[PDB]
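Data block for structure_2.txt (compact mmCIF, C-alpha atoms):
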# COMPACT_ATOMS: atom_id res chain seq x y z
CA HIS A 1 108.14 124.12 106.72
CA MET A 2 111.18 122.77 104.89
CA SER A 3 110.30 119.07 104.74
CA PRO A 4 108.57 118.08 101.49
CA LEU A 5 106.03 116.35 103.73
CA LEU A 6 103.42 118.03 105.98
CA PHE A 7 101.92 115.94 108.81
CA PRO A 8 102.17 112.64 106.85
CA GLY A 9 99.71 110.36 108.55
CA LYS A 10 100.31 106.94 106.96
CA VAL A 11 102.88 104.85 105.08
CA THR A 12 102.72 101.41 103.47
CA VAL A 13 105.16 99.17 101.56
CA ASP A 14 104.58 97.49 98.20
CA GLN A 15 105.43 93.84 98.71
CA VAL A 16 106.59 93.09 95.14
CA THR A 17 108.53 96.27 94.32
CA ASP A 18 109.59 97.47 97.80
CA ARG A 19 108.27 100.95 96.90
CA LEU A 20 106.65 103.00 99.65
CA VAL A 21 103.32 104.79 99.46
CA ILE A 22 103.08 107.85 101.73
CA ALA A 23 99.90 109.77 102.57
CA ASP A 24 101.28 113.33 102.63
CA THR A 25 98.20 114.33 104.57
CA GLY A 26 98.82 118.05 105.02
CA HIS A 27 99.57 118.50 101.31
CA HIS A 28 96.45 116.53 100.28
CA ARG A 29 98.54 114.22 98.09
CA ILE A 30 99.75 110.62 97.83
CA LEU A 31 103.45 109.88 97.17
CA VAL A 32 104.90 106.73 95.62
CA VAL A 33 108.64 106.51 96.29
CA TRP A 34 111.33 103.94 95.66
CA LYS A 35 112.69 102.45 98.85
CA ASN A 36 115.70 104.81 98.74
CA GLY A 37 113.37 107.83 98.80
CA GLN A 38 113.28 108.75 95.09
CA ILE A 39 109.78 109.95 94.22
CA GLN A 40 108.09 108.09 91.38
CA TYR A 41 104.60 109.63 91.60
CA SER A 42 103.11 112.65 93.36
CA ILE A 43 99.30 112.65 93.05
CA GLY A 44 97.14 115.48 94.38
CA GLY A 45 97.61 118.94 95.80
CA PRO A 46 97.99 121.64 96.65
CA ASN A 47 94.52 122.13 98.11
CA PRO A 48 91.82 119.75 99.36
CA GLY A 49 89.34 118.40 96.84
CA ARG A 50 87.62 115.25 95.64
CA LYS A 51 88.38 115.37 91.91
CA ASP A 52 88.83 112.14 89.95
CA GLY A 53 90.37 111.67 86.53
CA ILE A 54 93.90 111.83 85.19
CA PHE A 55 96.63 112.22 87.79
CA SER A 56 97.32 115.91 87.07
CA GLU A 57 93.75 116.95 87.93
CA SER A 58 93.13 114.57 90.85
CA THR A 59 92.69 115.87 94.42
CA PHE A 60 92.22 114.44 97.95
CA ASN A 61 91.24 115.89 101.34
CA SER A 62 93.56 115.07 104.26
CA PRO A 63 94.07 111.43 103.25
CA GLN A 64 95.20 108.81 105.75
CA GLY A 65 95.24 105.04 105.06
CA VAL A 66 97.08 103.81 101.94
CA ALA A 67 97.26 100.21 100.68
CA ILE A 68 98.92 98.96 97.49
CA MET A 69 98.73 95.74 95.51
CA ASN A 70 99.46 95.03 91.84
CA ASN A 71 99.88 98.74 90.94
CA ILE A 72 96.51 99.71 92.48
CA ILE A 73 96.49 101.99 95.53
CA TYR A 74 93.43 102.40 97.75
CA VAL A 75 93.19 105.57 99.84
CA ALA A 76 91.19 106.27 102.99
CA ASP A 77 90.41 109.83 101.83
CA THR A 78 89.37 110.69 105.34
CA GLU A 79 87.96 114.21 105.20
CA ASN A 80 86.09 113.49 101.96
CA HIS A 81 84.55 110.38 103.58
CA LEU A 82 85.58 108.43 100.48
CA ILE A 83 87.66 105.43 99.53
CA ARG A 84 89.64 106.37 96.43
CA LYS A 85 91.39 104.14 93.88
CA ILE A 86 94.69 105.14 92.26
CA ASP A 87 95.34 102.99 89.18
CA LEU A 88 99.03 103.39 88.37
CA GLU A 89 98.79 101.61 85.02
CA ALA A 90 95.95 103.81 83.71
CA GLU A 91 97.22 106.87 85.68
CA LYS A 92 93.62 107.53 86.79
CA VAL A 93 92.10 108.28 90.19
CA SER A 94 88.55 107.07 90.87
CA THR A 95 86.09 106.83 93.77
CA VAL A 96 85.05 103.36 94.94
CA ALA A 97 83.08 104.03 98.15
CA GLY A 98 81.38 106.90 99.98
CA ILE A 99 79.24 109.85 98.89
CA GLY A 100 81.60 112.72 99.72
CA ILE A 101 79.92 113.71 103.01
CA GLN A 102 80.01 112.16 106.45
CA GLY A 103 77.55 109.29 106.73
CA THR A 104 75.86 108.02 109.89
CA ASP A 105 75.00 104.55 108.53
CA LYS A 106 76.21 101.93 111.02
CA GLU A 107 75.37 98.95 108.77
CA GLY A 108 76.13 99.68 105.10
CA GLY A 109 75.35 97.11 102.41
CA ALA A 110 75.04 99.34 99.34
CA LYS A 111 77.56 99.37 96.52
CA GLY A 112 80.33 101.84 95.95
CA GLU A 113 79.32 105.47 95.65
CA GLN A 114 75.82 104.61 96.88
CA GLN A 115 77.18 103.83 100.35
CA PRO A 116 77.88 106.68 102.82
CA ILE A 117 80.88 106.16 105.10
CA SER A 118 82.43 108.12 107.97
CA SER A 119 86.09 109.16 108.37
CA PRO A 120 87.82 106.10 106.90
CA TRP A 121 91.26 106.13 108.52
CA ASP A 122 93.13 102.98 107.49
CA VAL A 123 92.86 100.35 104.79
CA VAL A 124 94.54 97.00 104.10
CA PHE A 125 94.04 94.36 101.43
CA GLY A 126 92.56 91.01 102.41
CA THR A 127 91.51 87.76 100.72
CA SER A 128 88.14 86.02 100.96
CA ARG A 129 93.95 87.43 95.60
CA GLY A 130 93.21 90.76 97.26
CA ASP A 131 89.44 90.78 96.79
CA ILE A 132 88.64 92.53 100.13
CA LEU A 133 89.66 95.98 101.29
CA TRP A 134 89.39 96.14 105.08
CA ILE A 135 88.64 99.62 106.44
CA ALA A 136 89.17 101.13 109.88
CA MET A 137 86.01 103.29 109.89
CA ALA A 138 86.92 105.74 112.63
CA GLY A 139 83.82 107.90 112.19
CA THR A 140 81.28 105.23 113.18
CA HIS A 141 83.73 103.24 115.36
CA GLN A 142 83.68 100.16 113.18
CA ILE A 143 85.66 97.88 110.90
CA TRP A 144 84.15 97.86 107.40
CA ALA A 145 84.82 95.90 104.21
CA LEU A 146 84.72 96.94 100.56
CA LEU A 147 84.34 93.96 98.21
CA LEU A 148 86.87 94.53 95.43
CA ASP A 149 85.57 91.34 93.82
CA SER A 150 82.52 89.28 94.75
CA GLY A 151 83.23 87.22 97.84
CA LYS A 152 82.21 86.31 101.36
CA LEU A 153 83.25 87.92 104.58
CA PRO A 154 83.85 85.53 107.50
CA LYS A 155 80.63 83.62 108.30
CA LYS A 156 78.66 85.67 105.72
CA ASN A 157 77.18 84.79 102.37
CA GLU A 158 78.72 85.93 99.11
CA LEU A 159 78.23 89.62 98.29
CA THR A 160 78.63 91.24 94.88
CA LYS A 161 81.65 93.34 93.88
CA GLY A 162 81.43 96.89 95.18
CA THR A 163 79.40 96.09 98.28
CA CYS A 164 80.60 98.25 101.18
CA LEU A 165 79.42 97.35 104.68
CA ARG A 166 80.13 97.08 108.38
CA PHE A 167 81.97 93.92 109.41
CA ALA A 168 82.63 94.42 113.15
CA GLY A 169 81.45 96.99 115.65
CA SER A 170 78.01 97.96 116.85
CA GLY A 171 78.65 101.65 116.15
CA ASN A 172 78.72 102.55 119.87
CA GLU A 173 81.95 104.22 121.00
CA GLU A 174 83.22 101.58 123.43
CA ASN A 175 86.08 99.26 124.38
CA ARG A 176 83.95 96.14 124.00
CA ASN A 177 85.06 92.70 122.82
CA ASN A 178 82.65 90.01 121.77
CA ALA A 179 82.29 86.57 120.20
CA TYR A 180 79.97 88.17 117.61
CA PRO A 181 81.41 90.99 115.50
CA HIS A 182 78.30 93.20 115.41
CA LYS A 183 78.12 93.14 119.23
CA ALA A 184 81.71 94.32 119.70
CA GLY A 185 82.44 98.01 120.10
CA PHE A 186 85.41 100.10 118.94
CA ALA A 187 86.45 103.69 119.70
CA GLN A 188 88.05 105.58 116.81
CA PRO A 189 89.80 102.57 115.22
CA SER A 190 92.61 104.08 113.16
CA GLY A 191 95.11 101.38 112.18
CA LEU A 192 94.77 97.89 110.73
CA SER A 193 97.20 95.14 109.85
CA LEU A 194 96.56 91.66 108.45
CA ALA A 195 97.92 88.39 109.81
CA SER A 196 96.19 85.96 107.46
CA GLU A 197 98.31 82.91 108.34
CA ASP A 198 97.73 80.33 111.07
CA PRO A 199 97.59 80.53 114.08
CA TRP A 200 96.74 84.23 113.91
CA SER A 201 94.12 84.44 111.13
CA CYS A 202 93.15 87.94 112.19
CA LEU A 203 93.19 91.67 111.66
CA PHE A 204 95.04 93.61 114.32
CA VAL A 205 93.32 96.92 115.16
CA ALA A 206 94.78 100.08 116.70
CA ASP A 207 91.76 101.33 118.67
CA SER A 208 92.77 104.92 119.30
CA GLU A 209 90.16 106.31 121.72
CA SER A 210 90.21 103.21 123.94
CA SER A 211 94.04 103.07 123.75
CA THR A 212 93.92 99.32 123.03
CA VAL A 213 94.99 96.84 120.38
CA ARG A 214 92.30 94.31 119.38
CA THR A 215 92.17 91.29 117.12
CA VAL A 216 89.33 90.56 114.74
CA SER A 217 89.12 86.94 113.63
CA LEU A 218 89.03 86.17 109.90
CA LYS A 219 87.47 82.80 110.81
CA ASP A 220 84.34 84.11 112.54
CA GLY A 221 84.79 87.83 113.25
CA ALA A 222 85.20 87.44 117.01
CA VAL A 223 86.74 90.63 118.45
CA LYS A 224 89.26 90.11 121.25
CA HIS A 225 91.41 92.20 123.56
CA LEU A 226 95.17 92.04 123.01
CA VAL A 227 96.75 94.86 125.09
CA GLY A 228 95.88 98.07 126.88
CA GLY A 229 92.85 99.70 128.49
CA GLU A 230 90.77 98.25 131.29
CA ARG A 231 88.08 95.58 131.56
CA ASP A 232 85.18 98.05 131.73
CA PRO A 233 83.96 98.37 128.11
CA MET A 234 82.73 101.93 128.73
CA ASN A 235 86.05 103.20 130.14
CA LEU A 236 87.81 105.23 127.43
CA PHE A 237 89.77 107.18 130.08
CA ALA A 238 92.23 104.32 130.54
CA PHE A 239 95.40 105.55 128.86
CA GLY A 240 99.00 105.80 129.98
CA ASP A 241 102.49 104.64 129.05
CA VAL A 242 103.28 101.32 130.72
CA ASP A 243 105.04 98.20 129.49
CA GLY A 244 103.36 95.01 130.60
CA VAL A 245 101.24 91.99 129.75
CA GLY A 246 97.78 92.38 128.26
CA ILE A 247 95.53 94.53 130.41
CA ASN A 248 98.56 95.74 132.39
CA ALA A 249 99.99 97.57 129.39
CA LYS A 250 98.98 101.18 128.85
CA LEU A 251 98.98 103.00 125.51
CA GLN A 252 97.85 106.50 124.57
CA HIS A 253 95.85 106.94 121.35
CA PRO A 254 97.72 104.40 119.18
CA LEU A 255 97.10 105.21 115.52
CA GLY A 256 98.97 102.35 113.80
CA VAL A 257 99.82 98.65 113.90
CA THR A 258 101.89 96.51 111.54
CA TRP A 259 102.33 92.73 111.64
CA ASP A 260 105.84 91.25 111.35
CA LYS A 261 105.26 87.70 110.13
CA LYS A 262 108.99 86.86 110.21
CA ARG A 263 109.26 87.42 113.98
CA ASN A 264 105.56 86.92 114.82
CA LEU A 265 105.54 90.36 116.45
CA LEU A 266 103.19 93.34 116.20
CA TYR A 267 104.65 96.85 116.09
CA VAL A 268 102.52 99.70 117.39
CA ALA A 269 102.70 103.44 116.77
CA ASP A 270 101.77 104.53 120.31
CA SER A 271 101.11 107.97 118.97
CA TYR A 272 100.47 110.31 121.89
CA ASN A 273 103.33 108.69 123.87
CA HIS A 274 105.74 109.39 120.93
CA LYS A 275 106.92 105.77 121.05
CA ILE A 276 107.00 102.63 118.96
CA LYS A 277 105.88 99.60 120.99
CA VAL A 278 106.25 95.90 120.23
CA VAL A 279 103.58 93.37 121.22
CA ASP A 280 104.10 89.62 121.28
CA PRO A 281 100.59 88.34 120.41
CA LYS A 282 101.38 85.04 122.19
CA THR A 283 102.47 86.28 125.61
CA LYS A 284 100.46 89.52 125.19
CA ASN A 285 103.60 91.37 126.41
CA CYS A 286 103.78 95.00 125.24
CA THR A 287 107.21 96.64 125.61
CA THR A 288 108.85 99.79 124.28
CA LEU A 289 110.79 99.24 121.03
CA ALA A 290 111.93 102.80 120.28
CA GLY A 291 111.44 106.37 121.43
CA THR A 292 112.32 108.25 124.62
CA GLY A 293 108.88 109.88 124.83
CA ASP A 294 110.29 113.37 124.28
CA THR A 295 109.74 115.35 121.08
CA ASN A 296 113.22 116.86 120.53
CA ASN A 297 113.88 115.42 117.08
CA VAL A 298 117.19 113.74 116.30
CA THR A 299 117.84 112.39 112.83
CA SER A 300 120.26 109.58 113.68
CA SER A 301 120.14 107.45 116.83
CA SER A 302 119.67 104.04 118.42
CA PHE A 303 116.14 102.74 118.95
CA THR A 304 116.29 103.53 122.67
CA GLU A 305 117.40 107.16 122.16
CA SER A 306 115.35 107.95 119.08
CA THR A 307 112.42 110.36 119.22
CA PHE A 308 109.05 110.58 117.50
CA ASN A 309 106.20 113.09 117.58
CA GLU A 310 102.68 111.60 117.35
CA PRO A 311 103.57 108.98 114.70
CA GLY A 312 100.32 108.39 112.83
CA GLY A 313 101.08 105.11 111.06
CA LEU A 314 103.78 102.57 110.32
CA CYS A 315 104.46 99.55 108.12
CA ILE A 316 106.98 96.71 108.17
CA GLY A 317 109.14 96.31 105.07
CA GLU A 318 109.83 93.20 103.01
CA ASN A 319 111.21 90.26 105.02
CA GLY A 320 110.89 92.33 108.17
CA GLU A 321 114.28 94.03 107.82
CA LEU A 322 113.10 97.65 108.08
CA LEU A 323 110.17 99.26 109.83
CA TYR A 324 108.87 102.50 108.28
CA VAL A 325 107.17 105.06 110.56
CA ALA A 326 105.05 108.00 109.42
CA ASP A 327 106.54 110.32 112.07
CA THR A 328 103.68 112.71 111.52
CA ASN A 329 104.49 115.79 113.57
CA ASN A 330 108.18 115.68 112.56
CA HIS A 331 107.10 115.67 108.87
CA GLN A 332 109.35 112.69 108.16
CA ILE A 333 109.34 109.00 107.38
CA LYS A 334 111.61 107.39 109.97
CA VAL A 335 113.40 104.19 108.95
CA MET A 336 113.99 101.71 111.78
CA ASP A 337 116.64 99.11 110.92
CA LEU A 338 115.56 96.01 112.83
CA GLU A 339 119.04 94.46 112.50
CA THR A 340 121.23 97.38 113.61
CA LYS A 341 118.60 98.92 115.95
CA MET A 342 119.26 102.34 114.36
CA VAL A 343 116.73 104.99 113.28
CA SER A 344 117.32 107.28 110.31
CA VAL A 345 115.23 109.66 108.20
CA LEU A 346 114.15 108.57 104.74
CA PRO A 347 115.39 111.11 102.19
CA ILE A 348 112.71 112.30 99.76
CA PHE A 349 114.07 113.40 96.42

For this file, produce the structure as structure tokens.
Amino acid sequence: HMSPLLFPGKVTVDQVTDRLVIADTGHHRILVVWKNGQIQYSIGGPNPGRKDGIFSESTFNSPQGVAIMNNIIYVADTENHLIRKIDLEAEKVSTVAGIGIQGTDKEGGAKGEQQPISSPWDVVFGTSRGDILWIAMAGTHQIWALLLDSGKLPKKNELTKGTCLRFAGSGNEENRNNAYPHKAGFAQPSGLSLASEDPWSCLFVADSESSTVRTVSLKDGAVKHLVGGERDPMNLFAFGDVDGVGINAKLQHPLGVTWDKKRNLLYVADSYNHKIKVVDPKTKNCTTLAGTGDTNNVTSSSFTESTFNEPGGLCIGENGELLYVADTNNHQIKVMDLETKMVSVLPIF
């Protein structure tokens, strides 16, 4: 109980300042820290709530996904079933989607606080300038979008700012890929990462209950298998810990993905296996990058001898030099140096 963090589920990196944003999930607060670990903002706490307003009165409820661009942070405020907006310039928290209770709507289409949502778990910025917030909607097994400005989703017509709706996923809890996004099926999708550039042009999805990684095309929304699971779209009992190509790889409840555009590699928080995996989206090869699989925590080690404990999220740093891991059940951000192949613990001060 001595770490300043408690079960931190997610971490992201600000691309223009190199700051980190940490969802300190168990303390119901969001941290903004400089890359050396010095805290700049602590927003929320100590108890769960859904209060908006100035920073000192704002509260969250077991938040997960965090995304930052241009001094605005969006929060998958999971247990409130809300998307929240932290405006660092104005030092105000606001609510931009959800009604504060768990929705069952598998389609969406309403604006903002008129639209019920269900256990949002991860968020990333996209571009139809950062005018889309993509949402891993774990509660209804779907990928959703919030329009931050008016714009068009892939193959759709323009929708007004604030529209919040399903993009991919039927709503059935399945491991189902499809040429048409509404006919695909996900199973507790919990991690997203954007690869907007050719030849990828996709969102990568950590599909936790199917133990797979999928791609969702930003050209036409086609949902495709990348690694893990089995062919049967109803089989959610297809987990394990196996390095291999495509369908031969086995994951266990992966909660996070992050795209490394420098190396054209995808890193995966393979949470229940206590490992970080690396996927080459070309060869579809999934191999172990770091983690022995045991949960005896060591604070300094090589990649191969490092340990994690259900890491809930991760994010590549600027220019792909460092990989930050929300090492959830160790209450730490682990810093993986991709040049020295060493793992350390981010100090928080």

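The nearest approach to residue 127 (chain A) among the residues A:198, A:260, A:89, A:149, with all atoms listed in the file taken into account, belongs to A:149.
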
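Counting only C-alpha atoms, the residue from A:251, A:123, A:13, A:168 that sits nearest to residue 141 (chain A) is A:168.
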
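Remark: residues at most 7 Å from position (93.1, 96.0, 123.4) in file coordinates are residues 212, 213, 214, 225, 226, 227, 228 and 229 of chain A, using only C-alpha atoms.
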
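Using only C-alpha atoms, the protein and nucleic acid residues lying no more than 10 Å from residue 47 (chain A), apart from those fewer than 5 places from it along its own chain, are residues 26, 27, 28, 29, 59, 60, 61 and 62 of chain A.
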
With distances taken over only C-alpha atoms, the candidate from A:220, A:87, A:77, A:243 nearest residue 100 (chain A) is A:77

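Across A:11, A:205, A:23, A:58, the tightest approach to residue 35 (chain A) is made by A:11 when counting all atoms listed in the file.
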
Incomplete region 191-203 of chain A filled out to N, CA, C and O atoms as a compact mmCIF listing (two decimals), in the coordinates of the input:
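Dumped to out39.txt:
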# COMPACT_ATOMS: atom_id res chain seq x y z
N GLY A 191 94.00 102.10 112.76
CA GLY A 191 95.11 101.38 112.18
C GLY A 191 94.71 99.93 112.07
O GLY A 191 94.06 99.39 112.99
N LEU A 192 95.02 99.31 110.94
CA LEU A 192 94.77 97.89 110.73
C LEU A 192 96.04 97.21 110.23
O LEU A 192 96.84 97.82 109.53
N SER A 193 96.19 95.92 110.55
CA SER A 193 97.20 95.14 109.85
C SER A 193 96.76 93.68 109.82
O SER A 193 96.23 93.18 110.81
N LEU A 194 97.04 93.01 108.71
CA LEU A 194 96.56 91.66 108.45
C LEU A 194 97.58 90.60 108.85
O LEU A 194 98.76 90.69 108.46
N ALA A 195 97.13 89.59 109.59
CA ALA A 195 97.92 88.39 109.81
C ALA A 195 97.05 87.24 109.34
O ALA A 195 96.35 86.62 110.14
N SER A 196 97.09 86.95 108.04
CA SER A 196 96.19 85.96 107.46
C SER A 196 96.57 84.52 107.79
O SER A 196 95.72 83.64 107.70
N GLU A 197 97.82 84.27 108.17
CA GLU A 197 98.31 82.91 108.34
C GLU A 197 97.99 82.34 109.73
O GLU A 197 97.81 83.07 110.71
N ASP A 198 97.88 81.01 109.80
CA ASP A 198 97.73 80.33 111.07
C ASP A 198 98.97 80.58 111.94
O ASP A 198 100.09 80.64 111.42
N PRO A 199 98.80 80.69 113.27
CA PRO A 199 97.59 80.53 114.08
C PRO A 199 96.89 81.85 114.37
O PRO A 199 96.03 81.91 115.26
N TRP A 200 97.26 82.89 113.64
CA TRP A 200 96.74 84.23 113.91
C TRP A 200 95.39 84.44 113.25
O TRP A 200 94.41 84.75 113.93
N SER A 201 95.34 84.30 111.92
CA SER A 201 94.12 84.44 111.13
C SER A 201 93.26 85.61 111.61
O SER A 201 92.08 85.44 111.94
N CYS A 202 93.85 86.80 111.62
CA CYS A 202 93.15 87.94 112.19
C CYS A 202 93.60 89.25 111.58
O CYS A 202 94.65 89.34 110.94
N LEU A 203 92.78 90.27 111.79
CA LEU A 203 93.19 91.67 111.66
C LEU A 203 93.59 92.17 113.03
O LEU A 203 92.85 91.96 114.00
